[PDB]
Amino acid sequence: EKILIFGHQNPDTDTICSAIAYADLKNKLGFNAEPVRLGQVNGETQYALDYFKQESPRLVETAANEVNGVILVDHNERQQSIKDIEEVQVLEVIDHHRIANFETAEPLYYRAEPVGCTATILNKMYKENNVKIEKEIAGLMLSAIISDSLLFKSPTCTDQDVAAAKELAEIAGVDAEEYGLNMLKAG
């Protein structure tokens, strides 16, 4: 019944913030999720956490000693994932990358979209579930999109990512450019 949600090894802002955000969505719907991380938080992500007054996810090396099932955000390939990923069931994946080095024994909820950031997809999922995005969660989701898009300069950034960042900046109460440049400079 408890599940862990995490992104990839060598975490980036999307991998930390999308784990926290998806755990919030799961918990606001009555489930039992803890967001965790697989490595050290970098200076860009730490700026986001500090700014929006959010705790760092707990660091884990393995999952099977804790839970039976996990959710992956921002990755799918086994070599990017937790070291004992073969010993737990992947219940869901929310991601924006190519699929490789990944198989399941059972059906699952797999949601990949060809957008520039996982948090763009989570924005969609909050709205599909009629769950309000709290100011600080919006700030973390905005941070993820700024990070993965290089402040909207990456060709991986789509109109969906820009539209999500506009929504989330309004919710978070920040100017995306001013906040984004400070966040990126902290990294």
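Throughout, we count residues from 1 along the sequence that is shown.
- Relative to one another, 42-50 and 117-125 have unequal mean CA B-factors, and 42-50 is the one with the higher figure.
- The mean C-alpha temperature factor is higher for 159-167 when 5-13 and 159-167 are set side by side.
- The top Cα temperature factor in the record, among 66, 134, 148, 34, falls on 134.
- Among the modelled residues of its chain, residue 93 has a C-alpha B-factor that falls in the lowest third, as given in the PDB entry.
- Among the modelled residues of its chain, residue 103 has a C-alpha B-factor that falls in the middle third, as given in the PDB entry.
- Residue 111: CA B factor lies in the lowest third for its chain, per the PDB record.
- Residue 60: CA B factor in the middle third of modelled residues in this chain (values from the PDB entry).
- Residue-level temperature factors show residue 75 in the lowest third of its chain, judged at the C-alpha atom.
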